[PDB]
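See structure below.
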Amino acid sequence: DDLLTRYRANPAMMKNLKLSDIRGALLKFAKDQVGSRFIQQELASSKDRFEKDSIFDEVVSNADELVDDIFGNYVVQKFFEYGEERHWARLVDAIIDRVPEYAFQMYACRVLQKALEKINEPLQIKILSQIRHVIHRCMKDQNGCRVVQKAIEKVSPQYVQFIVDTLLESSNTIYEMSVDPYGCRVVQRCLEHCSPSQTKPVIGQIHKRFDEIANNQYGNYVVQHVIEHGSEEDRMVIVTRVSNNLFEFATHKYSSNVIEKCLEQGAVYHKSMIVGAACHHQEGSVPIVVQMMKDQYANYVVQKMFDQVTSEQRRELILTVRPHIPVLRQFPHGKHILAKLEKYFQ
RNA sequence: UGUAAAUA
Ligand SMILES: [Cl-]
């Protein structure tokens, strides 16, 4: 029987097994649940750097078979850790040709993410040179988008310009990514980490189809990131569009969160625009803030208004809603809605 | 009373 069957049989019988004992059994050990845990434990606990190197040639030689294995991917990742710098370059060479497909695989993509998290900028750039070949499809992928997000978090902005240029490759690409469950996460990282010269055309593209993206189940989060990471003029264009169309935005499922984001991140003069729209007379109807309090989504928006505005801005909300309180108690959940506001009407 | 993610 081979070393692994023997070691799996009685684990404690070989409490004195060492990494240099594995030798040619590394592949079988790494693809085995018990074997892989042994290798990992030894790599993390051994103080012998020559033990740790004794298995590295077999890791490199079997790299393609290990990176997308349920148990072997951990073994490969061990050699991208801080403490194995001396191995990083050799290990990138071992996987580089197949990075374009590793990015889509559920185990291998965790190797790529660990590499980008740990390795120096020349090696990151090398990995991204392969990602560049599959970048559009990669951004829309459950696995590939995690690789792209890590690249944006960990590489200097100038070396992800190719990703920004993919978001800008065609008129509708930013829309297509913003409404994709995976592509929307890439747009968000870009907004968080890219330079102002990179984010400005991206935000400009989002603005052109703003109403659709704001009410999309994924796009509303993209718009929320524009509010938080865009410029003052961006917030102003957004607050201005939201104020002018306050009832439409507040009474839809996803765009209602966009208004809440404006209230949390907004300057006093943005809040004042939203409050003024909310309290405007409307000669032939009740004020918009009252209609919103009757609505399944907008009542949370009104609650957020009261919680976020100045005392003087609360004054106008209180003076506008209080006449209509009796009617509002009747409506569905109207009891609870006004209860959560009682502290402002006491 | 209302929204999001790939490993043993
Ligand atoms: Cl998969």
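Computed over heavy atoms, backbone and side chain alike; hydrogens, waters and symmetry mates excluded. Chain identifiers are assigned alphabetically (A, B, ...) following the order of the sequence lines, protein sequences preceding nucleic acid strands; residue numbering begins at 1 within each chain.
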Original post:
Reading RNA chain B 5' to 3', which nucleotide is the first, and which the last, to come under 4.0 Å of any heavy atom in chain A?
Top reply: B:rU1 to B:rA8
Heavy atoms under 4.0 Å, any strand shown: does [X] hit a base, just sugar-phosphate, or nothing?
X	result
A:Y182	nothing
A:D141	nothing
A:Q113	base

For [X], give me all partners under side-chain contact (heavy atoms from CB on, under 4.5 Å), at least two apart in sequence or on another chain.
X	result
A:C138	A:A103, A:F104, A:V134, A:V148
A:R241	A:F210, A:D211, A:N245, A:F249
A:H136	A:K140, A:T166, A:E169, A:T173, A:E176

Original post:
Judged by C1'-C2'-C3'-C4' (positive north, negative south), is the sugar of B:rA5 north or south?
Top reply: south
Original post:
Can you list, by residue number, the residues of residues 208-217 of chain A that have a non-hydrogen atom closer than 4.0 angstrom to RNA chain B?
Top reply: A:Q217
Subject >> Strand-adjacent residues in residues 129-139 of chain A, judged by heavy atoms under 4.0 Å from RNA chain B >> reply: none
**OP:** Apply side-chain contact (heavy atoms from CB on, under 4.5 Å) to the pair A:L191 and A:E228, showing each step before the final yes or no.
**Re:** CA-CA 9 Å; A:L191 296 174; A:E228 193 184 325; over 6 Å; no
Subject >> All pairs passing salt bridge (charged side-chain N to carboxylate O under 4.0 Å, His left out) where residues 191-210 of chain A contributes a residue, at least two apart >> reply: A:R189-A:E192, A:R209-A:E212
Subject >> salt bridge (charged side-chain N to carboxylate O under 4.0 Å, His left out) partners of residues 268-278 of chain A, not counting sequence neighbours, each pair once >> reply: none
**OP:** Using ring pair (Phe, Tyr, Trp, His ring centres under 6.0 Å) as the criterion, list what pairs up with A:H225, not counting sequence neighbours.
**Re:** A:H229
Subject >> Inter- and intrachain pairs under ring-ring contact (aromatic ring centres under 6.0 Å, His included), touching residues 51-83 of chain A, at least two apart >> reply: A:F56-A:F79, A:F56-A:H87, A:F79-A:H87
Subject >> Which residues share a salt bridge (charged side-chain N to carboxylate O under 4.0 Å, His left out) with A:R90, sequence neighbours left out >> reply: A:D57
**OP:** Could I get the full list of salt bridge (charged side-chain N to carboxylate O under 4.0 Å, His left out) partners for A:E312, not counting sequence neighbours?
**Re:** A:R315
